[PDB]
Structures are given as structure tokens and as C-alpha cells.
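One chain follows as C-alpha cells, the form deposited in one PDB entry.
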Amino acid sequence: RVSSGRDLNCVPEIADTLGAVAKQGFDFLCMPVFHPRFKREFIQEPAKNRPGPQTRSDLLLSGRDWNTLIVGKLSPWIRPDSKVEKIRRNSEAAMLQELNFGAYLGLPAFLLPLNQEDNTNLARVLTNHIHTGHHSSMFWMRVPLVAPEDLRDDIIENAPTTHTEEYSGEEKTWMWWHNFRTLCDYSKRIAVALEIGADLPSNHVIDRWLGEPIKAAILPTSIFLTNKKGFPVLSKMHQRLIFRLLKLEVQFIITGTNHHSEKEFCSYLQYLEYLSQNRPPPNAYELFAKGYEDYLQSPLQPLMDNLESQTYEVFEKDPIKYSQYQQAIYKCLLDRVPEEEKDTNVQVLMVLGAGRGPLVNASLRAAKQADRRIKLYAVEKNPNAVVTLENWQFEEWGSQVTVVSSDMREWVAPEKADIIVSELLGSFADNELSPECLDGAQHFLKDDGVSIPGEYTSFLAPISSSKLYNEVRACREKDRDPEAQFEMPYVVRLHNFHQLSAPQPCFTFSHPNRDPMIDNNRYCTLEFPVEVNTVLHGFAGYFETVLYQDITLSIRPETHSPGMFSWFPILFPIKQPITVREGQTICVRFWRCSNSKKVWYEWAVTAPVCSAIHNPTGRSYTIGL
């Protein structure tokens, strides 16, 4: 249920030691590749000519083992940022030597410590290694939640621990990591092995780290409490954090010696296993989303692309959406039809972008439950989908036509309509061009007609995520602008991210658009209060819509419709990450632009510092009309 290995700094017999660990229930072993006290001279004789083998033979395990069961640890004496030159040099050599052995063996990962503030020459040695030969060992930076300095015992008489609350001075180990990964231009091979101490920081720090590439959590034996029966356990505060990490699907590393002696050493693991067993099992949405975690995709364009049969099939499996649509139509019918007109007056209902007919079925269902009479039209421009409709029409209908294949902007209605129903909404509401499509169709709506949906509104929120930043980076393609990938929205189930301020509304559209001119372009300025220091990597997009009166759908996280998987968050990246300091405001500006042929978004950051305007003139991203 949970993947977890064992940290050791002492391995007399690699054969037997790996076996003991396996007996305990562990899945891998973080160990040293050279003896951690075996210190080596690369330059001054005589020590440089130390004879014999520098470490134990690679023959000591299967390549399989090396590839799967072992994690390398950089010897603790290696200090590439030493103030002493000779050390700095022997360190440069030693490090490359150890990392090169780690590559030779095909180690899955290798541990390096961030345990002081200046790791500049260490970053740089590792950057050369990464660009030397061909190898894909992962690099796990051991960084503490709290500096060893900031949880020393207050027992130096003449050097006391600060009893003040320092906001930056207890955030300091994140700047260490930030500075290191920044120097390595965010290499996707460099991740975080986050070490947990007995004291935790404030929850702001804990929010910070999620959104950083944590591949490993490290729990010292020393932080474990004991229960009635004398067994290892953790505080409610430490557990809540473990639960938070399990959600990120990290790996767990038990380090240090056996402090609960009478109770064995495989017991710590069992507590982790126990915790994993006892958390709420995933909901429908969460079960459905498993796999799609932080997976960037292009947002669908049903206006200028014909959707696949199986694309339609999955959207039809959405429980809540069509239930909401049905209900919305039912209320509308009641409001429009008095009881004494039950059979004299029959409503003219038009589904626009009717697809394979899920909104048609909703209308039928509504008609019955409201006990009112309707005359149904189905308008569909996707001919591949029209085949589905006409087969069903032919097999189960024969009542006139109206499965009429046409573009709703093109179509000439035989009569004006009471109600027009559409499911043209995107993850950013107006980004499938619902506005432009319905403005075309508006003329055949009755002077007192109702559109479902009646109105929708898009929402943005600034986000910090070094994982998503890299994901976008890796969308760089040949034969196009090298920074094109930063100038387009992605649909994505955001997972490893941090939301820096609450969502606020961007653009709103009402239907029908009663007034003249009816310009569909917009420019809108938004300001976000930022509670921590952070790094801005882009903006989440969500939406809500009013189908009819109190009937709504919403992907806004706070008001999210329960178990509705038809839409996922959208993402607006920014080319260059913008550092934010606690208390600052983040000011973003968004434009909706259009011409005859295409509609697009431009956006910019104006505070605290300015960004370049993104996607000017839809040069990287457009939506086809």
C-alpha cells in the first residue's frame, strides 16, 4: 500500500544487510557507495597513491538489485563549498567519483545533502555530472524541514536560542533548496528528499513544500512517540502531515537506530502501513482522476474539431451535469406553462450542439416530470455525431425531423424557439466560444425566450508549482517559437501545486445578449493578496454557470459540484517565474481578443514586478471560429 526504504550509514556486509532490511518489509535501502570515513587524496603525494580498491565490487549484487533496491549516499566528508581550498578540490573529485560509480551501477537515485546556505559549487559540480555521458540516476536533495541550528537544545549559556518569531528565519531551508534548483535551471533529475524533525514549523511552510518535487519523506526513529503497549507512534500534528504526503504519493524513509527496543524495528513501518490503511478512500472524481495527476493536455475545440465517439461517450457518463440540466429545464417549463394551459400550449425547445443527444434525453425527462408538452429540435454540426442521432431518430422517432445537421450560426429555424439548451462550456467557460456560437443562434430565440445556460463566469487564482513549470518547459517543440509553450492554456488535474490566493472572477457572459453592439472582447485587472513568500509559475482557471435560477454547475474548488468530471482546471503559464514576498499583491491582467476568424486570450503580470505580455495577437494560441 506504501513504498518505503531504510537509511543506514553502516553496512559491514552488503549481502546480509540488504537481506535483513528485506526481512523487515522494506522495498529499498539508502546506503553509502564508498565507506563514509574512507577519505581520499586526489592531488598531494603520498596519500594520492593509496593502493588497492577504492570501494567494494559491483559483483556483490545482480544488476537488477543495483537498479531497484539501492539508493546511493554521497560520503559526508565531501564538502565542495569548504572555505579551505584543498578540501574544496578533493571534494570536487570525490563527488564526481561517487556519482560516476552511481551511474556505473545504474542506481535508481542518489542522496545529496542541503545542510548549509551556500551550495553553489555543489550545484555546479552536479550540473557538470548531469551534462557528462548518458545516465538517468535521480538526484534526491536531503533538505531539513528545520535547520539543525534552529532545533538545537538551548544549552549554550553564552549563545541562547532566539525566543522571538522570525518569519524568514524559520522558512530558511526552502530558500536553500530554491537557490540550488534555480542554479541547476530546474533540472527534472533534481528532486527533494524532505527530512522531518521532532518540531514542525507553521502550516504556511508546510503549504510551501507541496508544489515542490518531493520524491521522498525522511522520518528519524527519534521523532516517534510511544503508546500504551510500548510501540512506536506519531503525534496528531505529524500524522496530518503524513496524510498530506501520502496524497502526493511520495516514498518514506526510516532513518536512525531502534529507539523502541522491546517492540522490534519492523514496527515503525507497520505504523506507516497502519496510517495508510486508515485514511478516507478516494471519491468518484478522485477515482476517475487517478492517472491524470499533473498531466498537461490541450483544451478541446469542439467548434473547429469534431469530437471522437469515445470522447462523447466519457462526457455522457458524467452523473451530476445532465441531472442538473434536466432539473433546470423542469423548473423553466413550470415557470413558462400555467397549469390551465397544460395541454393547449406546447413549448418550442432547441438543443444547440446536441452531440449524441444527452441534452435531448434530459429535455424528454424534464417534459415528463413537469407534465408539460414540448416540440424538440436537435442541431449538430459534427456529421459523425449526426449519424448517431439520425439512426436513433429513424429507429425510435419518425415524429417529423429535427436532428437537423447544421451550424447553429448557419441554421435557418422553421419557427422561433421558447428555450435554447447548450453544453458549449469549457474549463474557462467562454473558451469553447459559447458566447460567439449562441450570439449567432440568438435571432431564432423568441423575444421573451430563455437560454440554458443563462449566464456563466470564469475565475483565476495564482499558483506556485515547480513541477508544473517543468511539465510546460518540456512541451518545447521544434519548428515553432522556443517559448510558445508558455503562451497557451493547458487543461490539467493540478496535483503538485500551491494556490497563493483565493479565486476571483474574470469574464462573465449573459444569454440572451439583449443590448446592441454585443462586443464579446474583454480586458480585466485582478489583484491577489499573498500570505507567504513564494514563486509564481502561473494561474489556475475554473468556472461556474447559472443553468436556470438556483440551478448551477461549478468547478471552483470551494463550490465544486460533487463528482462532476466533465471539466478539469485550466492553466495559464508565465515564461519566467516571478518571486513573491509575504504581504505583496500579485496583479494579473487578462484580455479576451477576437477577429472574424479566431478568438484568443492575452495576459500579463504587473505586480509585484512586470511580465512580458503573453500570446500577443494569438501568435502561440488561438480558438478557431
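Between two forms, the rigid core is defined as the largest C-alpha subset superposing within 1.5 Å. Just count from 1 along the sequence shown to find any residue number.
We do not show the form deposited in another entry, though everything after this point is about it.
Trainee: In a superposition on the rigid core, which residue from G398, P148, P160, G169 has a CA displacement reaching 2 Å or more between the shown form and the other one?
Mentor: After core superposition, the one over threshold is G398.
Trainee: Is there a C-alpha shift of 2 Å or more at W411 between the shown form and the other one once the rigid core is superposed?
Mentor: Yes; that C-alpha moves by at least 2 Å between the shown form and the other one.
Trainee: Quick one: core overlaid, is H238 moving 2 Å or more at the Cα between the shown form and the other one?
Mentor: No; that C-alpha moves by less than 2 Å between the shown form and the other one.
Trainee: Would the C-alpha of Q324 be classed as shifted by 2 Å or more between the shown form and the other one after rigid-core alignment?
Mentor: No; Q324 is a residue whose C-alpha shifts by less than 2 Å between the shown form and the other one when the cores are overlaid.
Trainee: With a C-alpha distance change of 3 Å or more, do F428 and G355 lie closer or farther in the other entry?
Mentor: Relative to the shown form, the pair is closer.
Trainee: Tell me whether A441 and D430 end up closer or farther apart in the other entry, going by their C-alpha atoms; the shift is 3 Å or more.
Mentor: Relative to the shown form, the pair is closer.
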